[PDB]
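Quick setup: one chain, the form deposited in one PDB entry, written in structure tokens, and binding and motion questions come after.
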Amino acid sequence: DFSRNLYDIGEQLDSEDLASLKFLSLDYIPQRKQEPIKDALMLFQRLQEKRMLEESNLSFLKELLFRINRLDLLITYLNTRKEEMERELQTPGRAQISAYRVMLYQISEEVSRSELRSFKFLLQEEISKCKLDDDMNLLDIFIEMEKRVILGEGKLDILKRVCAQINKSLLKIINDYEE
């Protein structure tokens, strides 16, 4: 009955919902595994194991479902309305998923696919201090690599490492040169 509900709910969660649910559960169900959670039932299995989900304790599951906007599943399988959840989670200290975690999730949802790619380039730059964007051509990069003294006549290692990962013909261009 509770078991039936968990399966019926699990059946309606797609791979996108699962990813979000796993992320929002990170402060409880640790990133670290080589036993990756591959569907919603496996996620529910671990929540039960951590004693955060059971017949008489649905509060974490309801909060998860609310935060990923599955209001359909909340009312259909848990007889729970939007406003019940709002009132619950507006009471200070009652939310189990931190506003921090929810905030990153909402960012994830707002980001376009081109914006995501910009995020990647912008992020790497913060760490590496090399400016890269979708519009740069390869020659300008070479010129930059040469100012970084990571590219040069006798410094083809990084170049070869990158090119070997990309295309056979490329690394052959390099190797043909080297003698």
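Start at 1 and count along the sequence shown; that's the residue number.
Here the subject shifts to the form deposited with a partner chain bound, a form of this protein not shown in this document.
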Partner contact for residue 45 in the entry with it bound: its partner chain, 4.5 angstroms, heavy atom: yes
Heavy atoms within 4.5 Å of its partner chain in the entry with it bound: does residue 62 have any? no
Close approach of residue 58 to its partner chain in the entry with it bound, 4.5 Å, heavy atom: no
May I ask you to check whether residue 37 falls inside a 4.5 Å heavy atom distance of its partner chain in the entry with it bound? no
